[PDB]
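Everything on this sheet refers to the single structure shown next.
What follows is calculated from the coordinates using simple rules that are stated; it is not laboratory data. As a convention, Cβ positions derive from the backbone with ideal geometry for all residues, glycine included, and neighbour counts pool all protein chains shown.
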Ligand SMILES: [Cl-]
Ligand SMILES: [Cl-]
Ligand SMILES: [Zn+2]
Ligand SMILES: [Zn+2]
């Protein structure tokens, strides 16, 4: 299980 | 897939794209189980992007792609509650995670008579959101390997299929699609 | 199909039909083994017409179709070395025969490094000639079950794919296509 | 192995 984030 | 109706549904979905009207081809055939239709297409989008990423994986290395990028503006991270991954490390976690879901009998029952779980549309969304990123990283970072290998139409046509599909059944939000909304709108 | 390049070639072929330009989608990708490309598409046309015939097989019975018909003008027979069989008997022989070929390691090697036999284009032709007839019998004799089941676009788009494919690589002669040359030229 | 014929 992965918790994914994105950044700008 | 045992010559089952579910297998027919996959063949049905693939054949009907040849009309080139993807917007109609991706709709629920009348009287069909929604979950089943989404399931079948989710599985096929996975195999598709898997083979797609597979064609350029020699160009995607720890060196070439130190971070998980979608162009300069956009960068992804995994965590367990920030483990930074190279793109091929990130994508390995993503696809392994996705495979694992598809291999979970509680989520994608291999038995055609077993109903999908109550939250199935939710797991399908999460999967498809994540599969988007592999498309995004290919476009923004390896479109030239893709050109020289001549798997550009394959990538383009697979991605067009994916978008129309996912917009039809509300499987991906607008924020997720942002690193490719240029390419999208072009359609 | 093991995540092999051959499996990729199948996904490649299916995705690229979504452009709807079947005439280009069916051409040999540059540098690709001809035999392999034909093999992959032959196998998929078999699964396709198999699932297709499968949707209306309750409507195809010993009583409904006493002979192997392609409309009034055209009628097929099997013989060994003249055995009128009912359409479902004829089609069972045909598809079993075709399956058997695809299951023959000497003809369709399951091992990606093994060259196809010298006469491979010849066996592919014979198969595709025969697969035509199942399309022909469906159109001329069960198009109404097909309509009510809503597998008409599936049938039409599969058949359009098949024709363009087979014309591209010279796999079926003009005489064989005659019981459907109306529908054909229509697209 | 089948030998196939057609008529009209
Ligand atoms: Cl995520
Ligand atoms: Cl024959
Ligand atoms: Zn990369
Ligand atoms: Zn019949």
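Need the failing condition index for residue B:111 against (1) touching a helix residue (DSSP H, G or I) at 6+ places or on another chain (Cβ under 8 Å); (2) more than 16 Å from ligand 3 (Cβ to nearest atom), just the number.
(1)
Scan the range B:75-94 and report the pairs whose first residue is within 8 Å of chain A (Cβ to nearest Cβ) and within 13 Å of residue A:7 (Cα to Cα) and whose second residue is within 13 Å of ligand 3 (Cβ to nearest atom) and in a strand (DSSP E or B), with Cβ atoms within less than 6 Å and a gap of 6+ or a chain change.
Correct list of pairs: B:75/B:69; B:76/B:68.
Here are some conditions: (1) within 14 Å of ligand 1 (Cβ to nearest atom); (2) over 24 Å from residue B:173 (Cβ atoms). Residue B:136 meets all but one. Which one does it not meet?
For residue B:136, the exception is condition (2).
So for the range C:57-67 (the condition being more than 16 Å from ligand 2 (Cβ to nearest atom) and within 14 Å of chain B (Cβ to nearest Cβ)), does at least one residue qualify?
So far as the range C:57-67 goes, yes, one or more of its residues are more than 16 Å from ligand 2 (Cβ to nearest atom) and within 14 Å of chain B (Cβ to nearest Cβ).
Cβ-Cβ below 6 Å, separation at least six or inter-chain, first residue in the range B:47-69 and more than 13 Å from residue B:91 (Cα to Cα), second assigned to a loop (DSSP other than H, G, I, E, B): which pairs?
Qualifying pairs under 6 Å: B:55/B:151.
Any idea how many residues of the range C:155-183 are surrounded by fewer than 20 Cβ atoms within 10 Å (Cβ to Cβ) and closer than 14 Å to residue C:140 by Cβ?
5
Any residue that is away from chain B (no Cβ under 14 Å) and in contact with a helix residue (DSSP H, G or I) (Cβ under 9 Å, 6 or more places away or on another chain) - is there at least one of those in the range C:149-157?
The answer is no, given that none of the residues of the range C:149-157 is away from chain B (no Cβ under 14 Å) and in contact with a helix residue (DSSP H, G or I) (Cβ under 9 Å, 6 or more places away or on another chain).
Could you tell me which residue of the range B:25-42 is nearest to residue C:18 (Cα to Cα), considering only residues that are within 12 Å of chain C (Cβ to nearest Cβ) and touching a helix residue (DSSP H, G or I) at 6+ places or on another chain (Cβ under 8 Å)?
Result: B:25.
Looking only at helices (runs of 4 or more DSSP H) that fall completely inside the range B:71-187, which ones have 1 or more residues that are under 14 Å from the mean Cα position of the chain (by Cα)?
Passing ranges, in order: B:87-102, B:120-149, B:152-168, B:174-177.
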